[PDB]
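Undergrad: Handing you a structure now.
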Amino acid sequence: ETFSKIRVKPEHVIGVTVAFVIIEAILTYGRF
Amino acid sequence: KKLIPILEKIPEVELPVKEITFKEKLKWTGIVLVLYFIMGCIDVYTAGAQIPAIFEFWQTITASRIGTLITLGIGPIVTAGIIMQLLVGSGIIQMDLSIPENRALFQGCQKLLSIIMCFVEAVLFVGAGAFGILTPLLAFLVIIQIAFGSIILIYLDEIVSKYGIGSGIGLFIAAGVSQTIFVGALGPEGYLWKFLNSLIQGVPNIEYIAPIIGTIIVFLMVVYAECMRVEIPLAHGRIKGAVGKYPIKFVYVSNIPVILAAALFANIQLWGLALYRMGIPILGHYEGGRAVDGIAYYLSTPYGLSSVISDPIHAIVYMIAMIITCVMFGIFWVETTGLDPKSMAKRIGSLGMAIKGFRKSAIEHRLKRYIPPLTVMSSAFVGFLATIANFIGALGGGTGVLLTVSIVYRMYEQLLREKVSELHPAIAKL
Amino acid sequence: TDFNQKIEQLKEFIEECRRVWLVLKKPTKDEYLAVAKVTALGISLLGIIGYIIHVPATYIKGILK
RNA sequence: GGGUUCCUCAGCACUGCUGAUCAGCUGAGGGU
RNA sequence: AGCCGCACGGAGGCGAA
RNA sequence: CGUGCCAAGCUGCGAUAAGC
């Protein structure tokens, strides 16, 4: 298995990704 | 002792021993698939709306897309895996995985490196002049986003890998190529139209429909090859019969392998241009974007639209070059990772019941003997095919199409082994 | 010298590949078809989605560039 | 005279003056 | 308009020729 | 004594062998 002392539930990575999208999706576009 | 400290700091994915319904593995996969497109589309935050064309060579294999939140794509992950297979391959760092140690060592380790290669590539990309404006400030910002997007994939892969079907990478690649096709041929600046319109305009352009053909031909070819196989195994004969062979290596053996060969070249054309407009011409003299001389030149796949005859020698080398790397990867993957002994035998024999006898010794020997054809060939061949698949040249990628088609079928199988395992809650190993 | 040897040998192994080969299964209009059908299917399936996302998301990047 | 009891692999409900992972036992292959 | 003996398995096949 | 995809018994059949 994995020696990853930390456990991360997928629901997070998904939501964290919805994060990158929103941030840059607006950080870039929607100028001004 | 090992890099266990930071290694234990690198997050992972919570694998539930609960009930993960087929319907859920499916629905999961799909969510990954889409987040993929979203990023692959979104542009990276960068005022310099002006970018120097594109690297028509890295995308495919790296199934990503330059200029987007995934401009680096699977590229790192592949790079990483490439090194590992290189070290743990040429014995340089001999390891007998058997024990959950070496196994989880080889892995965990590689994973880390993937994040290392995640940033490296990022920097290398911008440093290769993938965007044009090297505003130390803006440059930094970009790299951030870039490698971080690729990170998301590394974790999205993990998700699919433990919450859905097939594989992230495998998926991802097929995801890209498929799209690259449906869009290139039918999308906005779609080719089918540019051709169709060119017909209406009254000036039939054979160059607009061409690439579309290239893809059919490849697909048709690549599939045939993806068919090749052996045969039972018992006789039936045709018939049956009972017992239970019995396989016969083929193409998908050297899958991950060729993915690495092509990916190697990916990191050369990148690493050469990079270490070109940022140093001395170690690998080759690019100019014009790609390379027009040097190791780089001799190792640049010819595809795109139409096959290039105007350089025979160039062809020859590449081909042979690709073959070597292919075989190398195939070997470093069997040292390795190819039909073992333990599990093999352990399971084998079964079909317990009159129909009527069984098997035993001698069989293993015979198999092993008439099995040394794959590995070497499987790849040597594939690599050939893949390469020639590029001379011909096609939409989405002559070599990429080979992987996709395969990945897609190995993905169909996955969907079946599942549609069934969703009945008898036990035979999760037959 | 050794070069001669290895050359002599590969010729041998390769010949060993013979007795092994002479098998490959050409595809039958039936099978071949069915297959190539699923392949292209999944291909377009993975292509469309990328379209649905790409194309438009570029109509934007473009009308606001 | 017996007739596969020979060899191999897998087994232990039967047979074995107790037990058995063993077997002239049970099952499948092979062997002159 | 089903069938492949008693014999209801597995695989495969036959039947509007 | 054979004969069935796998076939030990029964039935059928006979190297055209549960059949032509």
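Chain identifiers are assigned as A, B, and so on, following the order in which chains appear in the structure tokens; residues are numbered from 1 within each chain, and ligands are numbered from 1 in order of appearance.
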At a cut-off of 6 Å, which residues of chain C touch chain B? Count only C-alpha atoms and give the answer as a ChimeraX atom specification.
TA: /C:24-25,39,43-44,46-48,50-51,54
Undergrad: Only residues of chain B matter here; which ones have an atom within 10 Å of chain D, counting only C-alpha atoms (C1' of nucleotides)? Give them as a PDB file with C-alpha atoms, in the first residue's frame.
TA:
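To be explicit, this is the file written out as part.pdb:
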ATOM      1  CA  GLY B 352     -12.236 -28.430 -11.584  1.00  0.00           C
ATOM      2  CA  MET B 353     -14.718 -30.885 -13.073  1.00  0.00           C
ATOM      3  CA  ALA B 354     -15.076 -33.634 -15.678  1.00  0.00           C
ATOM      4  CA  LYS B 356     -12.334 -33.828 -18.421  1.00  0.00           C
ATOM      5  CA  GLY B 357      -8.762 -33.942 -17.136  1.00  0.00           C
ATOM      6  CA  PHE B 358      -6.491 -31.026 -16.276  1.00  0.00           C
ATOM      7  CA  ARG B 359      -2.870 -29.916 -16.637  1.00  0.00           C
ATOM      8  CA  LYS B 360       0.525 -30.078 -14.931  1.00  0.00           C
ATOM      9  CA  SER B 361       4.288 -29.729 -15.357  1.00  0.00           C
TER      10      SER B 361
END
Undergrad: Would you mind listing what lies within 10 Å of residue 15 of chain E as a list in words, with only C-alpha atoms (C1' of nucleotides) counted and same-chain residues fewer than 2 positions away left out?
TA: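 My list of contacting residues is residues 1, 2 and 3 of chain E.
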Undergrad: Would you pick out the contacts of residue 14 of chain F at 10 Å or less, using only C-alpha atoms (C1' of nucleotides), so that residues sharing its chain but fewer than 5 positions from it are not included, and give the list as a list in words?
TA: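 So the residues in contact are residues 2, 3 and 19 of chain F.
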Undergrad: Would you kindly return, as a list in words, each protein, DNA or RNA residue with an atom no farther than 10 Å from any atom of segment 11-17 of chain D, considering only C-alpha atoms (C1' of nucleotides) and excluding same-chain residues fewer than 3 positions away?
TA: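 So the residues in contact are residues 20, 21, 23, 25, 26 and 27 of chain D.
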Undergrad: Given the selection you just returned, output its residues as a file containing N, CA and C atoms (P, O5', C5', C4', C3', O3' and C1' of nucleotides), formatted as a PDB file, in the first residue's frame.
TA:
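Ended up saving to part38.pdb:
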ATOM      1  P     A D  20      -5.892 -38.529  11.152  1.00  0.00           P
ATOM      2  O5'   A D  20      -4.533 -38.290  10.368  1.00  0.00           O
ATOM      3  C5'   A D  20      -3.633 -37.238  10.734  1.00  0.00           C
ATOM      4  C4'   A D  20      -2.385 -37.349   9.908  1.00  0.00           C
ATOM      5  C3'   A D  20      -2.658 -37.492   8.419  1.00  0.00           C
ATOM      6  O3'   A D  20      -2.827 -36.183   7.881  1.00  0.00           O
ATOM      7  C1'   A D  20      -1.124 -39.157   9.124  1.00  0.00           C
ATOM      8  P     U D  21      -3.423 -35.959   6.401  1.00  0.00           P
ATOM      9  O5'   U D  21      -2.124 -35.620   5.547  1.00  0.00           O
ATOM     10  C5'   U D  21      -2.182 -34.756   4.401  1.00  0.00           C
ATOM     11  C4'   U D  21      -0.808 -34.200   4.111  1.00  0.00           C
ATOM     12  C3'   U D  21       0.312 -35.231   4.040  1.00  0.00           C
ATOM     13  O3'   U D  21       1.271 -34.825   3.080  1.00  0.00           O
ATOM     14  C1'   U D  21       0.760 -33.716   5.793  1.00  0.00           C
ATOM     15  P     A D  23       2.715 -40.186  -0.656  1.00  0.00           P
ATOM     16  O5'   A D  23       2.048 -41.624  -0.541  1.00  0.00           O
ATOM     17  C5'   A D  23       2.853 -42.780  -0.263  1.00  0.00           C
ATOM     18  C4'   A D  23       1.981 -43.997  -0.098  1.00  0.00           C
ATOM     19  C3'   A D  23       0.924 -44.214  -1.164  1.00  0.00           C
ATOM     20  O3'   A D  23       1.510 -44.766  -2.326  1.00  0.00           O
ATOM     21  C1'   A D  23      -0.005 -44.612   0.964  1.00  0.00           C
ATOM     22  P     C D  25      -4.284 -48.150  -4.437  1.00  0.00           P
ATOM     23  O5'   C D  25      -5.122 -47.540  -3.235  1.00  0.00           O
ATOM     24  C5'   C D  25      -6.098 -48.331  -2.524  1.00  0.00           C
ATOM     25  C4'   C D  25      -6.951 -47.431  -1.666  1.00  0.00           C
ATOM     26  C3'   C D  25      -7.646 -46.330  -2.445  1.00  0.00           C
ATOM     27  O3'   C D  25      -8.884 -46.780  -2.954  1.00  0.00           O
ATOM     28  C1'   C D  25      -6.494 -45.370  -0.634  1.00  0.00           C
ATOM     29  P     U D  26      -9.305 -46.402  -4.452  1.00  0.00           P
ATOM     30  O5'   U D  26      -9.676 -44.856  -4.366  1.00  0.00           O
ATOM     31  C5'   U D  26     -10.865 -44.418  -3.684  1.00  0.00           C
ATOM     32  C4'   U D  26     -11.025 -42.919  -3.821  1.00  0.00           C
ATOM     33  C3'   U D  26     -10.835 -42.370  -5.222  1.00  0.00           C
ATOM     34  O3'   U D  26     -11.996 -42.519  -6.018  1.00  0.00           O
ATOM     35  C1'   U D  26      -9.613 -41.047  -3.703  1.00  0.00           C
ATOM     36  P     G D  27     -11.849 -42.694  -7.604  1.00  0.00           P
ATOM     37  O5'   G D  27     -11.263 -41.294  -8.081  1.00  0.00           O
ATOM     38  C5'   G D  27     -12.093 -40.127  -8.062  1.00  0.00           C
ATOM     39  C4'   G D  27     -11.382 -38.953  -8.688  1.00  0.00           C
ATOM     40  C3'   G D  27     -10.640 -39.206  -9.988  1.00  0.00           C
ATOM     41  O3'   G D  27     -11.498 -39.307 -11.121  1.00  0.00           O
ATOM     42  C1'   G D  27      -9.294 -37.891  -8.568  1.00  0.00           C
TER      43        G D  27
END
Undergrad: Provide the atom CA of residue 321 of chain B to atom CA of residue 294 of chain B distance in Å, to one decimal place.
TA: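 Distance between the two atoms: 13.8 Å.
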Undergrad: Got a sec to tell me which of chain C DSSP assigns to helix (DSSP H, G or I), as a PyMOL selection string?
TA: chain C and resi 2-20+29-63
Undergrad: Using the selection just defined, write its residues with C-alpha atoms as a tab-separated table (two decimals), in the first residue's frame.
TA:
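Listing of out.tsv after writing:
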chain	number	residue	atom	x	y	z
C	2	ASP	CA	32.51	-10.38	-31.34
C	3	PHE	CA	30.42	-8.36	-33.81
C	4	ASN	CA	30.56	-11.31	-36.20
C	5	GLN	CA	29.45	-13.57	-33.35
C	6	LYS	CA	26.45	-11.54	-32.25
C	7	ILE	CA	25.50	-11.18	-35.95
C	8	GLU	CA	25.71	-14.96	-36.32
C	9	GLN	CA	23.52	-15.32	-33.20
C	10	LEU	CA	20.72	-12.84	-33.91
C	11	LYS	CA	20.32	-14.67	-37.19
C	12	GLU	CA	19.77	-17.73	-35.01
C	13	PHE	CA	17.35	-16.33	-32.43
C	14	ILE	CA	15.35	-14.65	-35.17
C	15	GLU	CA	15.11	-18.08	-36.82
C	16	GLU	CA	13.93	-19.43	-33.45
C	17	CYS	CA	11.15	-16.86	-33.72
C	18	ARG	CA	10.10	-18.75	-36.84
C	19	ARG	CA	9.02	-22.12	-35.44
C	20	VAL	CA	7.23	-19.88	-32.94
C	29	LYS	CA	-15.21	-8.99	-41.60
C	30	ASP	CA	-17.40	-9.92	-38.63
C	31	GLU	CA	-14.96	-9.52	-35.74
C	32	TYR	CA	-12.77	-6.84	-37.34
C	33	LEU	CA	-15.87	-4.79	-38.13
C	34	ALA	CA	-17.50	-5.11	-34.72
C	35	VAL	CA	-14.22	-4.03	-33.14
C	36	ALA	CA	-13.13	-1.13	-35.35
C	37	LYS	CA	-16.72	-0.04	-34.68
C	38	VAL	CA	-16.25	0.23	-30.92
C	39	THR	CA	-12.84	1.85	-31.36
C	40	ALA	CA	-14.08	4.73	-33.52
C	41	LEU	CA	-17.10	4.96	-31.22
C	42	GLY	CA	-15.09	5.56	-28.06
C	43	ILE	CA	-12.78	7.82	-30.05
C	44	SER	CA	-15.59	10.17	-31.08
C	45	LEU	CA	-17.01	9.87	-27.56
C	46	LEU	CA	-13.77	11.23	-26.10
C	47	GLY	CA	-13.51	13.76	-28.91
C	48	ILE	CA	-16.96	15.31	-28.69
C	49	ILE	CA	-16.71	16.15	-25.01
C	50	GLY	CA	-13.41	17.92	-25.62
C	51	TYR	CA	-15.19	19.84	-28.36
C	52	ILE	CA	-18.19	20.83	-26.23
C	53	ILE	CA	-15.68	22.23	-23.80
C	54	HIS	CA	-13.01	23.60	-26.12
C	55	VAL	CA	-14.72	25.30	-29.07
C	56	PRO	CA	-16.94	27.57	-26.95
C	57	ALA	CA	-14.36	28.27	-24.23
C	58	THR	CA	-12.34	29.64	-27.16
C	59	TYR	CA	-15.25	31.68	-28.55
C	60	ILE	CA	-14.82	33.42	-25.19
C	61	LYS	CA	-11.03	33.69	-24.89
C	62	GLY	CA	-11.35	35.11	-28.38
C	63	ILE	CA	-14.20	37.59	-27.93
Undergrad: Enumerate, in order of chain and increasing residue number, the residues of chain E with an atom no farther than 12 Å from segment 7-13 of chain F, each with its shortest atom pair and distance in Å to one decimal, counting only C-alpha atoms (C1' of nucleotides), as JSON lines.
TA:
{"residue": "E:5", "atom": "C1'", "partner": "F:11", "partner_atom": "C1'", "distance": 7.3}
{"residue": "E:6", "atom": "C1'", "partner": "F:11", "partner_atom": "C1'", "distance": 7.2}
{"residue": "E:7", "atom": "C1'", "partner": "F:10", "partner_atom": "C1'", "distance": 11.1}
